[PDB]
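Protein chains: 2
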Amino acid sequence: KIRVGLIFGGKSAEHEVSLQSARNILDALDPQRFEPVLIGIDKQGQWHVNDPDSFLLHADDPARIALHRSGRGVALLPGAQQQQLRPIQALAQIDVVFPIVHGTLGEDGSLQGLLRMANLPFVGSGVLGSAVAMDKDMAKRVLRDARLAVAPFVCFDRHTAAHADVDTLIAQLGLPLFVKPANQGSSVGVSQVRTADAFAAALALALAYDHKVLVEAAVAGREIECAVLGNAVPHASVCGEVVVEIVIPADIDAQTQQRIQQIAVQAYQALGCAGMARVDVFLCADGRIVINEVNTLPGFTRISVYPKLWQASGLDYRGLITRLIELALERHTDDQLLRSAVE
Amino acid sequence: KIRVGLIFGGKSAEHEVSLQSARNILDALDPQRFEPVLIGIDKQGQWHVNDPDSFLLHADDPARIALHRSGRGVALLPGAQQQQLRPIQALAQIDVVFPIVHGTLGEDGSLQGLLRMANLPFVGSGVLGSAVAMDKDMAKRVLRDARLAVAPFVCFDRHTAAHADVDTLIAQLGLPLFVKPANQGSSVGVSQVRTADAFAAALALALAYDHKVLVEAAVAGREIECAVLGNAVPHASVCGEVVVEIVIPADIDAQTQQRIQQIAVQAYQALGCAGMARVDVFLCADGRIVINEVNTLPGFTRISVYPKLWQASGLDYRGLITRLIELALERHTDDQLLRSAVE
Ligand SMILES: Nc1ncnc2c1ncn2[C@@H]1O[C@H](COP(=O)(O)OP(=O)(O)OP(=O)(O)O)[C@@H](O)[C@H]1O
Ligand SMILES: Nc1ncnc2c1ncn2[C@@H]1O[C@H](COP(=O)(O)OP(=O)(O)OP(=O)(O)O)[C@@H](O)[C@H]1O
Ligand SMILES: [Mg+2]
Ligand SMILES: [Mg+2]
């Protein structure tokens, strides 16, 4: 049996979603192959080891569900090769980590880097793919370069936002404008700017969340989401359409679904993603495909889109979780050897 | 006084260079402002706390210089806000980390992510800038997109290298071809392919070091290096020319030096670098400028190019180290507040 270190929670608006994801994953984990070890991260950034039967407060109340802050702290020994995760006051050897920490550090490559420094195999994108997908500015430029269509846009920081010319922006990108912080860690900060006079306040709110803010042209078209799974040979799920409230499978052509599937895969490859991502695209009347977002940490509750998309493609939740673990171990094994060359 | 956690060594061919860098930094650290704390990483990946007077074996012998493996281990408490770095068997509170770990994990964003997860301010690029610069494939695509010239090239993985057509490559990119692994962690793996028949062996050696291998067209022109310093408002040093053996200042025009300085800065900005980088460009007869590399972990010995370039620009070694620390704290303070918004 292999021990699966489920790390979840985080300083995030999505904190409760991560709680639910953890409970869902825990209940689907195949007991023939896996034993869980639970590490919860509270809303202050603090790590707590918990027992599976007692890691949640008010588990069955979605308005009150909270992390049991057991105060059982965690230590990581960088460069350790065994018992890398240690109790501050013993803990099962973890063999693979399934990180579902929502929030900037859980998503942006930082947590991934810590897991790398501890030599722990782990589920999902590695440092680069996470950092790159998470920064919507760098992601659009990378996508753009791989000749995938993304919304046209301009990016400002604090040092240049003070200089923004709304008329030139409206002349270039039109109206409405979508203003957003570059780090996709939160959905906070996103304003639809309908008139010229609303622009400055959008720009200033977004800059309280990140150092970079994208201002994008509106993309007119339907919203489609597509789940991707895999390392070197990624696979795409059937499509889900979001309505102006997700519909699975989306009401579109086999051939349209196929174009979107192919673009989701190329988008995934271009950013260097691994394990899993959800790709959200706009489908134009006419039907060009424009990528909105590649998300490297989808939801994993039973009501979440990413696993629903897989369910609708013939892949059960249990089976999805298992395959995410196997992918994490295959990547880890491959990386070992490469790390291994040197000196 | 602020405590400077110097972390150095690493599983790297450059291991001894990091040793020397550490000793140089230690001797220039301004004693009015800074106390050092030493953490050495041996060639196995293992962390050792040392005293400044005793961290090296054979310090004055460049052929024998080695890390004193004091076996004084280190623990990191993720999400800790104080005493984040802890002895396994006490250690001064670290206030800023100056990481000089050569090798894949020290350079590619992983170490940076661990430092982020420990909430430690640290010198040099953050997760994204390090990951992106380190992967020469993603870096060239990002550079390319920012309309900076890079050597034309094709990138293969294991899954596509088996399919490589040398004739189409020679038809597209010419001869010689430069074959290299994408991760710039090592200088190992770089072959100059002079005839068609040498190509397959280059490709196969490079693939033992990374999962991705660039094959580039030769760029005919002189090799120039330029040091960059700063966060939001980067500054460029005078230029150094490498000869077919560095010359400082380079023998080129004020105006050529200025074009190279500007391109180094734009390259630095495009990849999202912070603190420091060395930018290595080719200067064509004719004189277009093509970027070869952006390096986010330059050498820091007294004989290294990056500090020599700064010395030649009026910035003393002591003064350079101090400014790298201040930049690390300014970034950390700014990020704090942003992290701070949320929920
Ligand atoms: N350029 C655009 N054109 C048209 N609609 C847009 C654009 N940008 C965003 N939107 C709309 O706003 C929604 C939210 O934007 P986006 O998805 O980038 O931010 P987010 O932080 O990821 O929010 P969410 O968590 O809902 O995805 C999109 O689903 C879409 O409905
Ligand atoms: N496309 C190219 N055209 C011409 N010369 C090249 C090219 N690529 C590499 N070289 C030569 O080979 C040297 C080493 O290549 P590169 O610098 O990319 O690898 P590295 O691993 O960073 O090596 P180093 O540590 O010496 O920089 C370059 O300084 C240059 O002399
Ligand atoms: Mg979206
Ligand atoms: Mg170079």
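Protein chains in written order, with the numbering used here: chain R, 9 to 351; chain C, 9 to 351.
Quick reminder that beta carbons are idealized off the backbone N, C-alpha and C, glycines included.
Give every residue of the same chain whose Cβ lies closer than 8 Å to the Cβ of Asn-303 of chain R, excluding the five residues on either side of it in the sequence, and list them in chain order.
-> Indexing the first sequence from 1 puts residue 303 of chain R at position 295. The residues are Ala-141, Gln-192, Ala-285, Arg-286, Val-287 and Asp-288.
In terms of DSSP beta bridges, what is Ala-285 of chain R paired with?
-> Taking the first residue of the first sequence as 1, we reach residue 285 of chain R at position 277. Bridge pairing for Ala-285 of chain R: R:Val-236 [DSSP].
Ligand 3 site residues, beta-carbon cut 6 Å against heavy atoms = Every residue passing the under-6 Å Cβ criterion appears here: R:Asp-288, R:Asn-300 and R:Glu-301.
Cβ-heavy atom distance between residue 366 of chain C and ligand 2 below 7 Å?
-> No information on residue 366 of chain C is available, as it lies outside the stretch 9 to 351 that chain C covers here.
To the nearest whole angstrom, what separates the beta carbons of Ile-256 of chain R and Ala-320 of chain R, a pair I think is in contact under 8 Å?
-> On the first sequence, position 248 is the one that residue 256 of chain R refers to. On the first sequence, position 312 is the one that residue 320 of chain R refers to. By a beta-carbon distance limit of 8 Å, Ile-256 of chain R contacts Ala-320 of chain R. Their separation comes to about 5 Å.
With 8 Å as the threshold, decide whether the Cβ of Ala-83 of chain R is near any Cβ in chain C.
-> Your numbering for residue 83 of chain R matches position 75 in the first sequence. Yes, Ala-83 of chain R lies at the interface with chain C (some Cβ there is under 8 Å from its Cβ).
How would you label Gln-97 of chain C, buried or exposed, when you count the other beta carbons within 10 angstroms and need 16 or more for buried?
-> Within the second sequence, residue 97 of chain C is the residue found at index 89, counting from 1. Exposed, because fewer than 16 other Cβ atoms sit within 10 Å of the Cβ of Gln-97 of chain C.
Contact under 8 Å by Cβ, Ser-194 of chain C with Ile-108 of chain C | Translated into positions along the second sequence, residue 194 of chain C becomes position 186. Translated into positions along the second sequence, residue 108 of chain C becomes position 100. For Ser-194 of chain C and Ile-108 of chain C, no; Cβs fall outside 8 Å.
What are the boundary residues of the beta strand (DSSP E) that includes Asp-165 of chain R?
-> Numbered from its first residue, the first sequence carries residue 165 of chain R at position 157. Per DSSP, the continuous beta strand (DSSP E) segment holding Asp-165 of chain R begins and ends at 161–165.
Would the C-beta of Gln-180 of chain C count as close to ligand 2, meaning under 7 Å from any of its heavy atoms?
-> Within the second sequence, the letter at position 172 stands for residue 180 of chain C. Using a cutoff of 7 Å, the CB of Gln-180 of chain C does not count as near ligand 2, since none of the ligand's heavy atoms is closer than that.
What is the rounded straight-line gap between the Cα of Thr-168 of chain C and the Cα of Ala-159 of chain C?
-> Within the second sequence, numbered from 1, the residue matching residue 168 of chain C stands at position 160. Within the second sequence, numbered from 1, the residue matching residue 159 of chain C stands at position 151. Taking the straight line joining both Cα atoms gives about 21 Å.
Contact set between the region 22–51 of chain C and chain R, restricted to residues whose Cβ is under 7 Å from the partner = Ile-49 and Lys-51: these are the residues of the region 22–51 of chain C whose beta carbon lies less than 7 Å from some beta carbon of chain R, given in chain order.
Since I believe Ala-190 of chain C is in contact with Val-221 of chain C (beta carbons under 8 Å), could you give me their beta-carbon distance rounded to a whole number of angstroms?
-> Numbered from its first residue, the second sequence carries residue 221 of chain C at position 213. Numbered from its first residue, the second sequence carries residue 190 of chain C at position 182. Indeed, because the Cβ distance is near 7 Å, the residues count as touching under 8 Å.
Could you list which residues in chain R have their beta carbon closer than 7 Å to that of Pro-86 of chain C, in chain order?
-> The residue you call residue 86 of chain C lines up with position 78 of the second sequence. Result: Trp-55, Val-82, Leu-84 and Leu-122.
Terminal residues of the beta strand (DSSP E) in which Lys-188 of chain R lies | For this step, residue 188 of chain R is matched to residue 180 along the first sequence. If you look at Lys-188 of chain R, you'll find it in the beta strand (DSSP E) that goes 185–189.
Near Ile-102 of chain R, which residues of its chain fall below 6 Å by C-beta distance, leaving aside the five closest residues on each side in sequence?
-> Residue numbering aside, residue 102 of chain R sits at position 94 when the first sequence is read from its first letter. Listed in chain order, the non-local C-beta contacts of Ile-102 of chain R below 6 Å within the same chain comprise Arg-11, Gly-13, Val-45 and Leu-93, local neighbours out to five positions each way being set aside.
Is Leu-37 of chain C near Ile-299 of chain C, with beta carbons less than 8 Å apart?
-> By one-based count along the second sequence, residue 37 of chain C stands at place 29. By one-based count along the second sequence, residue 299 of chain C stands at place 291. Inclusion of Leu-37 of chain C and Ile-299 of chain C in the CB contact set at 8 Å is not warranted, their separation being larger than that value.
Host beta strand (DSSP E) of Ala-225 of chain R (start-end) = Residue 225 of chain R sits at position 217 when you count from the first residue of the first sequence. Note, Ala-225 of chain R: beta strand (DSSP E), 220–225.
Residues of the region 246–279 of chain C with Cβ closer than 7 Å to any Cβ of chain R, in chain order = The residues in question: there are none.
Please confirm whether any heavy atom of ligand 1 lies closer than 7 Å to the CB of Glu-115 of chain R.
-> Within the first sequence, numbered from 1, the residue matching residue 115 of chain R stands at position 107. For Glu-115 of chain R, the distance from the CB to the nearest heavy atom of ligand 1 is not below 7 Å.
Shorter than 8 Å from the beta carbon of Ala-216 of chain C to some beta carbon of chain R?
-> By 1-based counting over the second sequence, the position of residue 216 of chain C is 208. Judged by the 8 Å Cβ criterion, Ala-216 of chain C is in contact with chain R.
What are the residues that DSSP puts in a beta bridge with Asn-303 of chain C?
-> One-based indexing of the second sequence puts residue 303 of chain C at position 295. Looking at the DSSP assignment, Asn-303 of chain C forms a beta bridge with C:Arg-286.
Kindly indicate which three-state DSSP category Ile-311 of chain R falls into: helix, strand or coil?
-> Working through the first sequence from its first residue, we reach residue 311 of chain R at position 303. In this structure, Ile-311 of chain R counts as coil in the three-state DSSP scheme.
Considering only residues of the region 65–143 of chain R, which uninterrupted beta strand (DSSP E) runs meet the minimum length of 3 residues and lie entirely inside it, listed in chain order?
-> Whole beta strand (DSSP E) segments, 3+ residues: 82–84, 93–95 and 104–109.
Residue span of the beta strand (DSSP E) that contains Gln-200 of chain C, given as start and end = Working through the second sequence from its first residue, we reach residue 200 of chain C at position 192. In the DSSP assignment, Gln-200 of chain C falls within the unbroken beta strand (DSSP E) covering 199–201.
C-alpha distance - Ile-49 of chain C paired with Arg-326 of chain R, whole-angstrom precision | By 1-based counting over the second sequence, the position of residue 49 of chain C is 41. By 1-based counting over the first sequence, the position of residue 326 of chain R is 318. Taking the CA atoms as reference points, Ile-49 of chain C sits about 40 Å from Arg-326 of chain R.
First through last residue of the beta strand (DSSP E) which encompasses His-56 of chain C = Residue numbering aside, residue 56 of chain C sits at position 48 when the second sequence is read from its first letter. It spans 55–58 - the beta strand (DSSP E) in which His-56 of chain C sits, taken as one unbroken run.
Skipping 5 residues on each side, what residues in its chain have a beta carbon closer than 6 Å to that of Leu-123 of chain C?
-> Numbered from its first residue, the second sequence carries residue 123 of chain C at position 115. Here the set comprises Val-105 and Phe-130.
So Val-250 of chain R packs on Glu-224 of chain R, CB below 8 Å; how close in whole Å?
-> The count along the first sequence starts at 1 and reaches residue 250 of chain R at position 242. The count along the first sequence starts at 1 and reaches residue 224 of chain R at position 216. Not a contact, Cβ separation roughly 18 Å.
Within the present structure, is the beta-carbon of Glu-231 of chain R separated from the nearest heavy atom of ligand 1 by less than 7 Å?
-> Taking the first sequence and counting its residues from 1, one reaches residue 231 of chain R at position 223. Yes, the beta carbon of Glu-231 of chain R sits closer than 7 Å to at least one heavy atom of ligand 1.
Touching or not, the region 57–74 of chain R and the region 66–73 of chain C, by the rule of three or more beta carbon pairs under 8 Å?
-> Verdict: no, contact absent.
Name the chain R residues that come within less than 9 Å of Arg-152 of chain C, Cβ to Cβ?
-> Here residue 152 of chain C corresponds to residue number 144 of the second sequence, with the count starting at 1. Neighbours of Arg-152 of chain C across chain R, judged by C-beta separation under 9 Å: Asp-153.
Whole-Å CB distance - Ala-204 of chain R paired with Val-174 of chain R, under 8 Å assumed | Here residue 204 of chain R refers to the residue found at position 196 when the first sequence is read from its first residue. Here residue 174 of chain R refers to the residue found at position 166 when the first sequence is read from its first residue. Contact between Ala-204 of chain R and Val-174 of chain R holds, with the beta-carbon distance rounding to 5 Å and staying under 8 Å.
Coarse secondary structure for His-340 of chain R, derived from DSSP in three states = Within the first sequence, residue 340 of chain R is the residue found at index 332, counting from 1. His-340 of chain R falls in the helix class under three-state DSSP.
Cα-Cα separation, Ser-62 of chain R to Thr-309 of chain R | Residue 62 of chain R sits at position 54 when you count from the first residue of the first sequence. Residue 309 of chain R sits at position 301 when you count from the first residue of the first sequence. Looking at the two C-alpha atoms, the distance is approximately 19 Å.
Can you give the Cα-Cα distance for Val-201 of chain C and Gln-274 of chain C, rounded to whole angstroms?
-> Against the second sequence, residue 201 of chain C aligns to sequence position 193. Against the second sequence, residue 274 of chain C aligns to sequence position 266. Each residue's alpha carbon lies about 31 Å from the other.
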